[PDB]
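Report on one structure; see the data block that follows.
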Amino acid sequence: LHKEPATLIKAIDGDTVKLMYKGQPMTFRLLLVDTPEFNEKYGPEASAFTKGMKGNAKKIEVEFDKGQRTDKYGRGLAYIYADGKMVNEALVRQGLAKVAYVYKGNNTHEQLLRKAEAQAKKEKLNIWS
Ligand SMILES: Cc1cn([C@H]2C[C@H](OP(=O)(O)O)[C@@H](COP(=O)(O)O)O2)c(=O)[nH]c1=O
Ligand SMILES: [Ca+2]
């Protein structure tokens with residue numbers, strides 16, 4: 001896999017971000033993760049965590065996996081990095097998302113994320129509390 005530049009337009013919630021990608025606006029849904037909806041426990045927390053990338057980071061990059069690049073809603077499907085840190089991984093590590101939506105073909109970072117989830121679970125963090 002390879003990382004490509006993009007520009008943050010708006011972080012929407014915990015696992016959805018709108019980016020300018022090759023000059024066109026696209027809503028990206030983060031691969032392999034599920035944050036609570038905003039109306040559920042830890043939804044607001046995950047939303048603020050991801051939103052914080054606007055203030056807390058400088059360089060945003062997208063990395064597609066080897067399978068489908070768009071979902072049936074027209075959203076991009078990718079791993080998103082902020083100053084080199086994977087947002088997907090960070091959300092799972094903090095117990096703000098669960099590993100989810102795992103499809104063969106788009107699961108390159110599955111084991112990486114499951115490691116993060118196991119730590120967050122052991123610590124009884126947030127979702128796991
Ligand atoms: C992360 C991911 C989500 N999705 C789709 C399936 C879910 O739609 P359905 O329930 O209609 O199948 C939806 C979950 O998105 P949200 O978690 O953003 O609501 O996104 C994919 O199709 N592939 C993916 O890799
Ligand atoms: Ca969600």
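In the structure tokens, chains take letters A, B, ... by order of appearance, with residues numbered from 1 within each chain and ligands from 1 in the order shown.
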
I want to know what sits within 10 Å of residue 54 (chain A), based on only C-alpha atoms, with residues of the same chain fewer than 5 positions away left out; could you give that as a PyMOL selection string? chain A and resi 8-11+59-60+82

Generate the output file for the selected residues, N, CA, C and O atoms, as a PDB file, in the first residue's frame.
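The new file result38.pdb reads:
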```pdb
ATOM      1  N   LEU A   8      -7.622  18.247   4.446  1.00  0.00           N
ATOM      2  CA  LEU A   8      -8.836  18.189   5.305  1.00  0.00           C
ATOM      3  C   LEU A   8      -9.796  19.281   4.949  1.00  0.00           C
ATOM      4  O   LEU A   8      -9.393  20.486   4.872  1.00  0.00           O
ATOM      5  N   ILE A   9     -11.035  18.936   4.620  1.00  0.00           N
ATOM      6  CA  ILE A   9     -12.101  19.927   4.494  1.00  0.00           C
ATOM      7  C   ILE A   9     -12.868  19.995   5.808  1.00  0.00           C
ATOM      8  O   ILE A   9     -12.957  21.038   6.375  1.00  0.00           O
ATOM      9  N   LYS A  10     -13.340  18.877   6.344  1.00  0.00           N
ATOM     10  CA  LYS A  10     -14.165  18.885   7.574  1.00  0.00           C
ATOM     11  C   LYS A  10     -14.092  17.430   8.139  1.00  0.00           C
ATOM     12  O   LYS A  10     -14.350  16.529   7.415  1.00  0.00           O
ATOM     13  N   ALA A  11     -13.758  17.257   9.405  1.00  0.00           N
ATOM     14  CA  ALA A  11     -14.025  15.998  10.082  1.00  0.00           C
ATOM     15  C   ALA A  11     -15.490  15.967  10.490  1.00  0.00           C
ATOM     16  O   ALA A  11     -15.933  16.894  11.154  1.00  0.00           O
ATOM     17  N   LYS A  59      -0.406  17.403   8.412  1.00  0.00           N
ATOM     18  CA  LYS A  59      -0.350  16.678   7.183  1.00  0.00           C
ATOM     19  C   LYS A  59      -1.280  15.463   7.159  1.00  0.00           C
ATOM     20  O   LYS A  59      -1.110  14.611   7.931  1.00  0.00           O
ATOM     21  N   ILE A  60      -2.226  15.457   6.238  1.00  0.00           N
ATOM     22  CA  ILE A  60      -3.190  14.388   6.120  1.00  0.00           C
ATOM     23  C   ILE A  60      -2.894  13.582   4.876  1.00  0.00           C
ATOM     24  O   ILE A  60      -2.585  14.134   3.841  1.00  0.00           O
ATOM     25  N   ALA A  82      -2.612  11.216  10.064  1.00  0.00           N
ATOM     26  CA  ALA A  82      -2.427  12.596  10.430  1.00  0.00           C
ATOM     27  C   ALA A  82      -1.026  12.701  11.035  1.00  0.00           C
ATOM     28  O   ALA A  82      -0.737  12.061  12.047  1.00  0.00           O
TER      29      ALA A  82
END
```

Residues contacting ligand 2 - anything with an atom at most 10 Å away, using only C-alpha atoms and all ligand atoms - can you give me those as a PDB file with N, CA and C atoms, in the first residue's frame?
```pdb
ATOM      1  N   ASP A  13     -17.559  13.041  11.861  1.00  0.00           N
ATOM      2  CA  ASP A  13     -17.751  12.342  13.144  1.00  0.00           C
ATOM      3  C   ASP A  13     -16.556  11.446  13.437  1.00  0.00           C
ATOM      4  N   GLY A  14     -16.676  10.440  14.333  1.00  0.00           N
ATOM      5  CA  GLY A  14     -15.515   9.640  14.701  1.00  0.00           C
ATOM      6  C   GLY A  14     -14.851   8.887  13.554  1.00  0.00           C
ATOM      7  N   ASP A  15     -15.614   8.449  12.541  1.00  0.00           N
ATOM      8  CA  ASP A  15     -14.983   7.630  11.530  1.00  0.00           C
ATOM      9  C   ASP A  15     -15.281   8.084  10.131  1.00  0.00           C
ATOM     10  N   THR A  16     -15.726   9.329   9.982  1.00  0.00           N
ATOM     11  CA  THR A  16     -16.005   9.896   8.651  1.00  0.00           C
ATOM     12  C   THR A  16     -15.354  11.286   8.523  1.00  0.00           C
ATOM     13  N   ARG A  29     -14.852   7.091   4.627  1.00  0.00           N
ATOM     14  CA  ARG A  29     -15.199   6.261   5.776  1.00  0.00           C
ATOM     15  C   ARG A  29     -13.955   5.455   6.118  1.00  0.00           C
ATOM     16  N   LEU A  30     -13.525   5.502   7.375  1.00  0.00           N
ATOM     17  CA  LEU A  30     -12.306   4.844   7.819  1.00  0.00           C
ATOM     18  C   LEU A  30     -12.495   3.291   7.775  1.00  0.00           C
ATOM     19  N   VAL A  33     -13.027  -0.055  11.166  1.00  0.00           N
ATOM     20  CA  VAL A  33     -13.354   0.475  12.427  1.00  0.00           C
ATOM     21  C   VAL A  33     -14.856   0.868  12.462  1.00  0.00           C
ATOM     22  N   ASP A  34     -15.352   1.007  13.673  1.00  0.00           N
ATOM     23  CA  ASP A  34     -16.712   1.529  13.861  1.00  0.00           C
ATOM     24  C   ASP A  34     -16.699   2.362  15.126  1.00  0.00           C
ATOM     25  N   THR A  35     -16.915   3.675  14.990  1.00  0.00           N
ATOM     26  CA  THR A  35     -17.118   4.528  16.160  1.00  0.00           C
ATOM     27  C   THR A  35     -18.591   4.565  16.519  1.00  0.00           C
ATOM     28  N   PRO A  36     -18.926   4.804  17.793  1.00  0.00           N
ATOM     29  CA  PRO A  36     -20.352   4.934  18.134  1.00  0.00           C
ATOM     30  C   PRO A  36     -20.977   6.085  17.358  1.00  0.00           C
ATOM     31  N   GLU A  37     -22.288   6.045  17.161  1.00  0.00           N
ATOM     32  CA  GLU A  37     -22.965   7.162  16.542  1.00  0.00           C
ATOM     33  C   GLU A  37     -22.865   8.265  17.601  1.00  0.00           C
ATOM     34  N   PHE A  38     -23.127   9.502  17.202  1.00  0.00           N
ATOM     35  CA  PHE A  38     -23.058  10.664  18.075  1.00  0.00           C
ATOM     36  C   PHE A  38     -24.056  10.595  19.234  1.00  0.00           C
ATOM     37  N   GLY A  43     -19.857   8.366  21.497  1.00  0.00           N
ATOM     38  CA  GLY A  43     -19.992   9.011  20.201  1.00  0.00           C
ATOM     39  C   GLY A  43     -19.446  10.430  20.132  1.00  0.00           C
ATOM     40  N   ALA A  46     -15.529  10.250  20.382  1.00  0.00           N
ATOM     41  CA  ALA A  46     -14.895   9.840  19.171  1.00  0.00           C
ATOM     42  C   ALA A  46     -14.980  10.913  18.152  1.00  0.00           C
ATOM     43  N   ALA A  97     -13.251   3.257  19.150  1.00  0.00           N
ATOM     44  CA  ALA A  97     -13.869   2.531  18.078  1.00  0.00           C
ATOM     45  C   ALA A  97     -13.599   1.025  18.310  1.00  0.00           C
ATOM     46  N   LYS A  98     -14.400   0.198  17.664  1.00  0.00           N
ATOM     47  CA  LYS A  98     -14.173  -1.245  17.630  1.00  0.00           C
ATOM     48  C   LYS A  98     -13.700  -1.657  16.231  1.00  0.00           C
ATOM     49  N   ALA A 100     -14.096  -3.521  13.033  1.00  0.00           N
ATOM     50  CA  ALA A 100     -15.401  -3.784  12.442  1.00  0.00           C
ATOM     51  C   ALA A 100     -15.318  -3.781  10.932  1.00  0.00           C
TER      52      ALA A 100
END
```

Name all residues at most 10 Å from residue 81 (chain A) (count only C-alpha atoms; drop same-chain ones fewer than 5 positions away) and give them as a ChimeraX atom specification. /A:3-5,53,57,59-63,86-90

Any chance you could export the current selection's N, CA, C and O atoms as an mmCIF file, in the first residue's frame?
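Written output follows (result09.cif):
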```cif
data_model
loop_
_atom_site.group_PDB
_atom_site.id
_atom_site.type_symbol
_atom_site.label_atom_id
_atom_site.label_comp_id
_atom_site.auth_asym_id
_atom_site.auth_seq_id
_atom_site.Cartn_x
_atom_site.Cartn_y
_atom_site.Cartn_z
ATOM 1 N N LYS A 3 0.690 5.781 0.648
ATOM 2 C CA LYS A 3 0.040 6.961 1.185
ATOM 3 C C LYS A 3 0.036 8.029 0.118
ATOM 4 O O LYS A 3 1.014 8.187 -0.586
ATOM 5 N N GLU A 4 -1.083 8.719 -0.034
ATOM 6 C CA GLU A 4 -1.273 9.829 -0.993
ATOM 7 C C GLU A 4 -1.720 11.061 -0.221
ATOM 8 O O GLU A 4 -2.487 10.971 0.735
ATOM 9 N N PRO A 5 -1.283 12.233 -0.675
ATOM 10 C CA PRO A 5 -1.730 13.457 -0.031
ATOM 11 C C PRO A 5 -3.227 13.727 -0.175
ATOM 12 O O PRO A 5 -3.852 13.395 -1.157
ATOM 13 N N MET A 53 -8.100 16.539 14.704
ATOM 14 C CA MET A 53 -7.070 16.549 13.700
ATOM 15 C C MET A 53 -6.904 17.885 12.980
ATOM 16 O O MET A 53 -5.790 18.237 12.620
ATOM 17 N N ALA A 57 -3.090 18.545 13.950
ATOM 18 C CA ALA A 57 -2.224 17.978 12.895
ATOM 19 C C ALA A 57 -2.031 18.909 11.696
ATOM 20 O O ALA A 57 -2.735 19.913 11.550
ATOM 21 N N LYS A 59 -0.406 17.403 8.412
ATOM 22 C CA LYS A 59 -0.350 16.678 7.183
ATOM 23 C C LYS A 59 -1.280 15.463 7.159
ATOM 24 O O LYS A 59 -1.110 14.611 7.931
ATOM 25 N N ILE A 60 -2.226 15.457 6.238
ATOM 26 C CA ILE A 60 -3.190 14.388 6.120
ATOM 27 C C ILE A 60 -2.894 13.582 4.876
ATOM 28 O O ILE A 60 -2.585 14.134 3.841
ATOM 29 N N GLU A 61 -2.978 12.267 5.005
ATOM 30 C CA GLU A 61 -2.757 11.344 3.917
ATOM 31 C C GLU A 61 -3.792 10.211 3.886
ATOM 32 O O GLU A 61 -4.250 9.779 4.900
ATOM 33 N N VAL A 62 -4.114 9.758 2.698
ATOM 34 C CA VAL A 62 -5.034 8.618 2.522
ATOM 35 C C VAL A 62 -4.217 7.464 1.931
ATOM 36 O O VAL A 62 -3.256 7.638 1.103
ATOM 37 N N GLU A 63 -4.596 6.286 2.353
ATOM 38 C CA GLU A 63 -4.035 5.065 1.874
ATOM 39 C C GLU A 63 -5.147 4.048 1.589
ATOM 40 O O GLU A 63 -5.797 3.526 2.497
ATOM 41 N N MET A 86 -1.725 6.695 12.102
ATOM 42 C CA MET A 86 -2.993 6.236 11.535
ATOM 43 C C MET A 86 -4.150 6.566 12.488
ATOM 44 O O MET A 86 -4.247 6.016 13.610
ATOM 45 N N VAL A 87 -5.140 7.314 11.984
ATOM 46 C CA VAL A 87 -6.296 7.672 12.737
ATOM 47 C C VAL A 87 -7.120 6.418 13.084
ATOM 48 O O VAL A 87 -7.641 6.322 14.187
ATOM 49 N N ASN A 88 -7.224 5.488 12.125
ATOM 50 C CA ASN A 88 -7.919 4.247 12.364
ATOM 51 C C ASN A 88 -7.386 3.531 13.586
ATOM 52 O O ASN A 88 -8.146 3.182 14.510
ATOM 53 N N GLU A 89 -6.060 3.359 13.638
ATOM 54 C CA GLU A 89 -5.409 2.714 14.766
ATOM 55 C C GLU A 89 -5.600 3.495 16.057
ATOM 56 O O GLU A 89 -5.871 2.892 17.138
ATOM 57 N N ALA A 90 -5.543 4.829 15.971
ATOM 58 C CA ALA A 90 -5.556 5.669 17.212
ATOM 59 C C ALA A 90 -6.927 5.553 17.885
ATOM 60 O O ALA A 90 -7.002 5.401 19.111
#
```

Would you return as an MDAnalysis selection string the members of chain A that DSSP assigns to alpha helix (DSSP H) on this structure's backbone? chainID A and resid 43:51 53:56 87:93 110:122

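Here the question is which of A:122, A:2, A:72, A:85 gets nearest to residue 108 (chain A) using only C-alpha atoms, and that residue is A:2.
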
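The nearest approach to residue 24 (chain A) among the residues A:104, A:67, A:76, A:56, with only C-alpha atoms taken into account, belongs to A:76.
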
At a cut-off of 9 Å, using only C-alpha atoms, what residues contact residue 27 (chain A)? Leave out same-chain residues fewer than 6 positions from it and give the result as a VMD selection string. chain A and resid 12 16 to 20 74 to 77

I need the residues from that last selection saved to file as a PDB file, in the first residue's frame (with C-alpha atoms), if you can.
```pdb
ATOM      1  CA  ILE A  12     -17.677  14.845  10.227  1.00  0.00           C
ATOM      2  CA  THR A  16     -16.005   9.896   8.651  1.00  0.00           C
ATOM      3  CA  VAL A  17     -13.903  12.765   7.230  1.00  0.00           C
ATOM      4  CA  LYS A  18     -14.416  15.000   4.193  1.00  0.00           C
ATOM      5  CA  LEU A  19     -11.203  15.512   2.184  1.00  0.00           C
ATOM      6  CA  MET A  20     -10.100  17.293  -0.968  1.00  0.00           C
ATOM      7  CA  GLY A  74     -20.397   6.724  -2.484  1.00  0.00           C
ATOM      8  CA  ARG A  75     -17.949   7.168   0.408  1.00  0.00           C
ATOM      9  CA  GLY A  76     -14.229   6.525  -0.022  1.00  0.00           C
ATOM     10  CA  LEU A  77     -12.783   3.639   1.952  1.00  0.00           C
TER      11      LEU A  77
END
```

Please give the complete set of residues from chain A that DSSP, run on the backbone, assigns to strand (DSSP E), formatted as a ChimeraX atom specification. /A:4-13,16-21,24-30,33-34,60-63,76-82,85-86,98-99

With distances taken over only C-alpha atoms and all ligand atoms, which residue among A:66, A:115, A:93, A:121 lies nearest ligand 1?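 Looking only at the distances to ligand 1, the closest residue turns out to be A:66.
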
Calculated over only C-alpha atoms and all ligand atoms, which of the candidates A:31, A:113, A:120, A:127 has the smallest distance to ligand 1? A:31

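Considering the residues A:110, A:83, A:65, A:45 and counting only C-alpha atoms, residue 95 (chain A) has its shortest atom-to-atom contact with A:45.
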
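CA of residue 70 (chain A) to CA of residue 55 (chain A) spans 27.4 Å [interatomic distance, one decimal].
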
Of A:1, A:118, A:78, A:112, the one nearest to ligand 1 when counting only C-alpha atoms and all ligand atoms is A:78

Interatomic distance, CA of residue 94 (chain A) to CA of residue 111 (chain A) (Å, one decimal):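 Between CA of residue 94 (chain A) and CA of residue 111 (chain A) the gap is 16.4 Å.
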
So how far away is CA of residue 58 (chain A) from CA of residue 41 (chain A), in Å?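 Between these atoms lies a distance of 29.1 Å.
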